[PDB]
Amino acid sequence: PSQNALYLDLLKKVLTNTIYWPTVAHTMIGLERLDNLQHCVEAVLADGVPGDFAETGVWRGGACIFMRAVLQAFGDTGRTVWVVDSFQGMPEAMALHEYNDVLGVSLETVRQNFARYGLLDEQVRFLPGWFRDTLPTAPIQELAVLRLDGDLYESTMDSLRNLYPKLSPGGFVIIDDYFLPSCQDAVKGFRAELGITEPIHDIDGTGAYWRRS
């Protein structure tokens, strides 16, 4: 219907730490991109799009916590949230990201973070490893929402190549850093190969998304 709006509004403030790199916040994506995530998850639920949710690149887990919280707000107990990451930060330019591997947040730490919100339950599953190792054989069957938040070309490509085919029609692909060259080049390069023409919608001049036909 549009349930538990107060809960979800407070949660966005909390996950971005507007109440008290973010320093302590559980997501780095900000309120505008969390609003996009809510719009997509809510649309999939109201439209009946089948499948799980997945984020490739979770850091402290905030965005994934949020998707799990939307399911909780709507009483959907069937869908799963896949929390997919190395849990060691970025792999070894490209833009030299491993330097800053306090993008490295352990599985233990992410698990604890979910538990802080009372959301560490059967509807959350973790897939630890480098995407190139883990996604070709991922135990994911179908997705209604696919969120990409690995910055690198390779991370973005490996996620799209392996998980886009599992995305249901009417499902969403969310590209958190579409305007990052590297991420952008993968998305266009991937779209060109498979002849994907669904239009890309801007979110906030950083992230972008599209909906499958």
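Quick note: we count residues from 1 along the sequence shown, nothing fancier.
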Deposited residues omitted from coordinates between residue 92 and residue 93, as a class | 10 or more
Using the PDB record, quantify the missing residues of the deposited sequence between residue 20 and residue 21 as none, 1 to 3, 4 to 9, or 10 or more.
-> 10 or more
Going by the average Cα B-factor in the PDB entry, point out whether 1-9 or 204-212 comes out higher.
-> 1-9
Given the B-factors recorded for C-alpha atoms, which segment has the greater mean, 127-135 or 110-118?
-> 127-135
Temperature factor at the Cα of residue 143, chain-ranked in thirds, falls in the middle
In terms of the CA temperature factor given in the entry, to which third of its chain does residue 76 belong: lowest, middle or highest?
-> middle
Split the chain's modelled residues into thirds by Cα B-factor; is residue 161 in the lowest, middle or highest one?
-> highest
Here the Cα B-factor of residue 27, set against its chain, lands in the third termed lowest
Compare the C-alpha B factor of residue 184 with those of the other modelled residues in its chain, then answer lowest, middle or highest third.
-> middle
